[PDB]
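First comes the structure, then the notes that go with it.
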Amino acid sequence: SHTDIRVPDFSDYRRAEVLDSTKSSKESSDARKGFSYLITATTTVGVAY
Amino acid sequence: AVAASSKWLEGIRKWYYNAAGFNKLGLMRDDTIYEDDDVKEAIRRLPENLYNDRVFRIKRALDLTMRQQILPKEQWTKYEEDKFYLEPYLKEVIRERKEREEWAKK
Amino acid sequence: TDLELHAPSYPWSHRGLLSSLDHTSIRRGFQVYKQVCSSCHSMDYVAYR
Amino acid sequence: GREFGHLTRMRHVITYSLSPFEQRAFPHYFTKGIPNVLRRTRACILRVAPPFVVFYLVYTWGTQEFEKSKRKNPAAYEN
Amino acid sequence: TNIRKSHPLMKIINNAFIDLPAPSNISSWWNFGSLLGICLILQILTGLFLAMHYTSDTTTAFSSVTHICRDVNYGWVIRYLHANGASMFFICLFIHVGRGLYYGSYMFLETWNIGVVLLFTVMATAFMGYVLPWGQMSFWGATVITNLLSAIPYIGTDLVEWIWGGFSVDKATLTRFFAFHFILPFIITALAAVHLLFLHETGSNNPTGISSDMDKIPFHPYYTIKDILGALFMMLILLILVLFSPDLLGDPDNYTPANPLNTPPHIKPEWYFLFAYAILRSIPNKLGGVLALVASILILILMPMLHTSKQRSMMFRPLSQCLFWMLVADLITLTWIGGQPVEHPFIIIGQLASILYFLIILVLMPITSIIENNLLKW
Amino acid sequence: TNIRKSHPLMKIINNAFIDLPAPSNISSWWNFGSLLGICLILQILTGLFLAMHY
Amino acid sequence: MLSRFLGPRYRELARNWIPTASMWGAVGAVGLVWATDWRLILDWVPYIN
Amino acid sequence: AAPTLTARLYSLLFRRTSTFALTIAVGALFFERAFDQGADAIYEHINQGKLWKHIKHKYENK
Amino acid sequence: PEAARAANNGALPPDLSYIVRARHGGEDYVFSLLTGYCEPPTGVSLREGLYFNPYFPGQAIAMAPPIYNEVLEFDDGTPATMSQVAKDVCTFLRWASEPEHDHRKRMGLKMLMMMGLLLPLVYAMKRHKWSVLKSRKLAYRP
Ligand code: HEC
Ligand code: HEM
Ligand code: HEM
Ligand code: HEM
Ligand code: HEM
Ligand SMILES: Cc1cc(C)c2nc(SCc3c(C)cccc3-n3nnn(C)c3=O)sc2c1
Ligand SMILES: Cc1cc(C)c2nc(SCc3c(C)cccc3-n3nnn(C)c3=O)sc2c1
């Protein structure tokens, strides 16, 4: 059946503190998606060469 | 076709099977064949369940190679359990091409 | 026509990856050019400028 | 002529994937990476290295029978 | 309206680079095709700068090249970009051909045969440019080719007194060398567009040899970012050579001006012509020398019909991989021998390695693939 | 088959110059587009001769 | 391998094309004798000198 | 679940994609202010008392 | 060129504008030439004006030793011994061959550290896109 299809565990890959799957996606997206996207910040100011 | 030293040659065939490494990607021998116009006609003559098994084994090995990994050793294809599933369909497609060719010169 | 003698390697002060030329040893080397040679040797491509 | 909805026919396979922003940048780098390149190297070298070991033994013999003939002749200069 | 799919110009860009289906397991050996296209554009722009200040006259050819390195502003960086960018072109080209030979990419027949034509046209282009500065290797390199080019039996001596302008060596001599060298890189560009048009009919091969129509990914963004990264890593290595060792790959003897009177102590071409030069000097004849030089590039076109294996690539063939790197270690031997003088040890080693280059491709490789078929029971 | 319609290079030539649908009452005022393309090729080849001696 | 060209009636196809192919070897004997003005076979016929 | 300081700029400017393509222009500034402090000053320090402007104070005495 | 032969025993003296760049050994060769003049070994003979130098192609050079102790006076107070003056016509004549030597090595440092910003950050952009494919899981349910 299709009710036997569940997603396998992906906690080998997650951003470290978001693995606590009890708290819900409200404070754990305030400060999670940006510092390797500040690596996009320096890859432009440095792309100017 | 030797009868006494076909134990020696059974060991060379096992050594070459392990030194080639399609078994470590979970492939069978007929999965690795080069697809010319002859092999492409034998593929579309396969029954539905054997065609579906071949598409998944190829997709899984192409995914392992993208990551530079192999399977666990308990899931490697063994030498005595490799099924030559494509070989009877390919011999018939080749035998029909020789007959259209002997007809055209005579 | 048998064998050559190849020169040894001296530790010149400009033999580094970022090492400059000594500009007082250039100054004393122009005066050995213009008092010892300049009489048998030419130097067609260098000007006073 | 060959675009995405026209390539093959495929049945009964399923794919699960995560967003790039839900993943950390380096899950492992040096604990996974070092033993994986040590077995990718063990599989290589007995096919690749022995031809270049034979070029080395020909370079070393060839630049040693040139120097014995370009006038290293103390006892090969007799009356 | 998706304007990427309905505009007449944007359709062509989208089908060729954005929405193109590509295999997912493509290695970084597949990076060197776009590196070759970067090296070609670089040689064209830099060469168009040098051609406004060069003079093709055998009394002022050497002096117009020293002038740009000393007088013209940024002429020294642009000249050594051009000389070192040509070594960069030839190292990517030898990686590219060795890739297509190991993985079996020659089975794309129209793509492989346009490639063998492109290999001749870049080798002839680089020969003409090394004549233009007129030092003592541009002189004794030009005469060695054109007295070897008088051993063509019926039209040979007709063709040698055409390229010097009709005379021996004079001013109008390097106007013909310069005009060939100007024009051929723009024909190389047109042959590389047709080259990719025939590959668009099948898509790419992959390291397994097995068709991958069940595992495609779009070209953007996965190989647009992987090709930009490899190009930046190539511009780093090129500038390490221009700015920290600009004379490492050249020869010092080309800083002396050409003189039929004086004498050069040795004759050594550039490193990427040294393998062909070693095959020439192993044939005591001058018709059988120019034949075996042209037959060492033209043997690539027989690779589709010499293929006797059941599989396409060498990934699963361990005996064919020992022969592939015996062939690479034999082209290293022929590069070393080509820069040595002609005495006793380097004369038998040079001809026993010219035999091995043809024995591996023509005899030992098609027999080894049949032994492998028989050990797998086809 | 018809190689004018299945070869990858010959398809482009056939769609652009051979099998192209064109009106039947086109005058000789419509001649001057290909005359401009002849005049451009002529100026390029002749100019590349003058630039080796200027 | 190239015994695809070996049939009992395939060599019959050479018998009906070689009378056309008997001749264009004599176009090269007459066409660049025109073009590059070869003095070898201008010695041949008294029409031309 | 106290996170680290990643999202300085995820919300305000680098979300509208405006400053993502503008940082090549708006973001062109003050690093040729900052890397003279590097390459130039490292260059004159490895070669100390060897360049012209080191020794030119002698014959520049008019 | 013709007066130059008869003034110098038939041998023509070479131009010096490219001399270290055109030798297999550079200023190591020019230094060992000027300070390597010695006497002929017992067995060799020489011409009328022709001198023995072991670091010259075929020991016989048509060039008298042109520098010795106190050949000139420097306007620095530097003692003008034989090794000091040979060291200074190797430094000048390296500048004469390569007048861009110092500008070359200073652009090479302004390249090596403005690639050290650009390269680790195109690599992180690459690793961000490809993590979708590197984490995928596959199932087969016939
Ligand atoms: C009055 C003569 C005379 C003077 C002074 C002289 N030379 Fe020479 N030099 C020669 C002659 C003659 C040759 C050509 C040598 C030959 O062919 O044998 C020569 C050749 C050379 C060569 C080239 C050797 C080679 O391998 O080609 C160098 C380097 C050289 N000289 C350095 C110097 C330097 C440095 C000075 C002075 C600071 C100097 N010479 C002064 C006569 C002179
Ligand atoms: C100036 C010369 C060349 C240029 C610009 C060029 C360019 C390219 C490019 C961009 C690709 C696609 C990407 C890739 O796989 O790397 C490619 C593929 C290919 N090229 Fe070249 N190439 C050149 C010369 C050659 C030569 C000399 C050969 C062979 C003799 C050749 C044979 C091939 C083949 C067979 C492929 C397809 C390989 C595959 O998909 O596995 N090319 N080329
Ligand atoms: C595939 C492209 C090219 C290659 C491989 C190539 C190669 C070379 C080489 C090896 C030299 C000798 C330089 C030296 O060692 O000093 C040279 C010189 C020269 N080339 Fe190129 N070249 C290419 C394209 C061009 C183009 C397109 C032009 C002009 C429009 C050009 C103009 C020149 C000029 C003027 C010289 C003489 C100046 C000099 O020697 O620096 N080149 N070329
Ligand atoms: C180097 C310059 C040009 C070239 C090579 C060129 C070439 C051509 C060619 C071959 C055609 C198709 C045949 C024809 O109708 O004559 C054409 C059509 C046309 N051209 Fe040009 N042209 C050039 C300049 C211009 C200019 C300056 C204009 C207008 C400002 C223009 C506007 C048009 C138009 C509107 C047509 C279609 C006319 C119709 O079908 O009634 N072109 N051109
Ligand atoms: C649309 C194409 C072109 C046009 C309309 C054009 C027009 C002209 C004109 C009017 C002159 C003055 C000649 C005189 O009155 O004495 C001239 C001169 C010249 N052009 Fe062009 N030209 C074209 C293309 C080219 C190209 C492509 C080149 C070089 C690759 C070239 C090279 C020269 C040179 C070298 C001169 C030298 C002066 C002379 O010969 O009189 N031209 N051109
Ligand atoms: C950074 C950059 C940009 C561009 C615009 C670019 N363009 C190519 S050529 C694409 C292509 C075509 C047109 C036709 C058939 C096959 C492939 N192709 N398929 N796989 N690979 C590796 C290929 O090059 S590389 C490259 C790199
Ligand atoms: C297809 C093809 C065509 C040609 C014409 C060709 N020629 C050579 S060897 C030329 C040479 C010699 C003999 C001596 C000194 C220098 C150079 N020489 N000339 N140009 N370059 C870059 C050099 O190294 S292989 C080759 C292959």
Side-chain angles (χ1 to χ4, degrees), chain C, chain I residues 4 7-8 11-19 23-34 36 53-59 63-64 66-68 71-76 78 80 84-99 101-106 108-109 112:
Chain C
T1 1
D2 11 80
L3 34 140
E4 256 87 76
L5 207 61
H6 304 101
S9 183
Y10 292 95
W12 306 89
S13 74
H14 49 256
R15 205 184 268 267
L17 270 296
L18 291 154
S19 292
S20 176
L21 283 155
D22 190 17
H23 287 80
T24 66
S25 187
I26 298 178
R27 188 170 215 262
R28 301 195 295 271
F30 174 72
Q31 293 162 353
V32 183
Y33 167 68
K34 209 188 67 71
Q35 294 165 13
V36 175
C37 56
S38 297
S39 354
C40 294
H41 294 291
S42 168
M43 205 163 289
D44 285 302
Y45 302 115
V46 191
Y48 295 108
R49 203 181 36 190
Chain I
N8 275 104
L12 174 74
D15 195 6
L16 290 187
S17 183
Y18 264 123
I19 190 66
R23 290 307 145 165
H24 275 80
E27 66 267 11
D28 277 357
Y29 173 71
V30 189
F31 194 83
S32 296
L33 194 81
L34 303 169
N53 202 353
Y55 290 92
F56 175 88
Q59 303 86 351
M63 170 192 170
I67 58 168
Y68 47 89
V71 283
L72 79 162
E73 292 260 9
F74 291 118
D75 58 337
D76 285 328
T78 317
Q84 178 69 42
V85 299
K87 190 257 185 182
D88 291 328
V89 285
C90 291
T91 305
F92 184 96
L93 264 53
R94 155 64 69 196
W95 168 84
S97 162
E98 299 191 358
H101 183 97
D102 289 345
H103 192 27
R104 182 171 58 82
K105 294 186 174 189
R106 199 258 307 275
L109 176 72
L112 269 190

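Letters A, B, ... mirror the listed sequences (proteins, then strands); counts begin at 1. Hydrogens, waters and symmetry mates are skipped; everything else that's a heavy atom, side chains included, is used.
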**OP:** Below 4.5 Å from any heavy atom of chain I, which atoms of C:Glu4 appear? Answer side chain, backbone, both or neither.
**Re:** neither
Original post:
Which atoms of C:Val36 come close to chain I, meaning under 4.5 Å heavy atom to heavy atom: side chain ones, backbone ones, both, or neither?
Top reply: side chain
Is there a donor-acceptor pair under 3.5 Å between the side chain of [X] and the backbone N or O of [Y]?
X	Y	answer
I:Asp28	C:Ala7	no
C:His41	I:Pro14	yes
I:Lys105	C:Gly16	yes

**OP:** Can you establish whether the number of heavy atoms outside C:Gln35 located under 6.0 Å from its atom CD is more than 12?
**Re:** yes
Side chain, backbone, both or neither: which part of [X] has an atom under 4.5 Å from a heavy atom of chain C?
X	answer
I:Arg94	side chain
I:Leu33	neither
I:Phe31	side chain

**OP:** Mind checking salt bridge (charged side-chain N to carboxylate O under 4.0 Å, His left out) for I:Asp102 and listing every partner two or more places apart, or none if nothing turns up?
**Re:** none
Original post:
Most heavy-atom pairs under 4.5 angstrom with chain C, which of I:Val85, I:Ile19, I:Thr78?
Top reply: I:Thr78
Rounded to the nearest 0.5 Å, what separates atom [atom1] in [X] from atom [atom2] in [Y]?
X	Y	atom1	atom2	value
I:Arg106	C:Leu18	CZ	CG	11.5 Å
C:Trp12	I:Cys90	CH2	SG	4.0 Å
I:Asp88	C:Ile26	CG	CD1	10.0 Å
C:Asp22	I:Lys87	CG	NZ	5.5 Å

Contact check, side chains of [X] and [Y], non-hydrogen atoms, under 4.5 Å:
X	Y	value
I:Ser32	C:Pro8	yes
C:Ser25	I:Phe92	no
I:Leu93	C:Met43	yes
C:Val46	I:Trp95	yes
C:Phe30	I:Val89	no

For [X] against [Y], the heavy-atom pair lying closest together:
X	Y	answer
C:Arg28	I:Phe74	O-CE2, 3.2 Å
C:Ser19	I:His101	O-NE2, 3.8 Å
C:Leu5	I:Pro54	CB-O, 3.6 Å

Original post:
Any salt bridge between I:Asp75 and C:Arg27, counting N to O under 4.0 Å?
Top reply: yes
Original post:
Going by distance alone, is a donor N or O of one side chain under 3.5 Å from an acceptor N or O of the other, for I:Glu27 and C:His14?
Top reply: yes
Original post:
If you measure only the distance, is there a donor-acceptor pair under 3.5 Å linking the side chains of C:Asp44 and I:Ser17?
Top reply: no
Original post:
Looking at C:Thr1, C:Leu17, C:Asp2, which has the largest count of heavy-atom pairs under 4.5 Å with chain I?
Top reply: C:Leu17
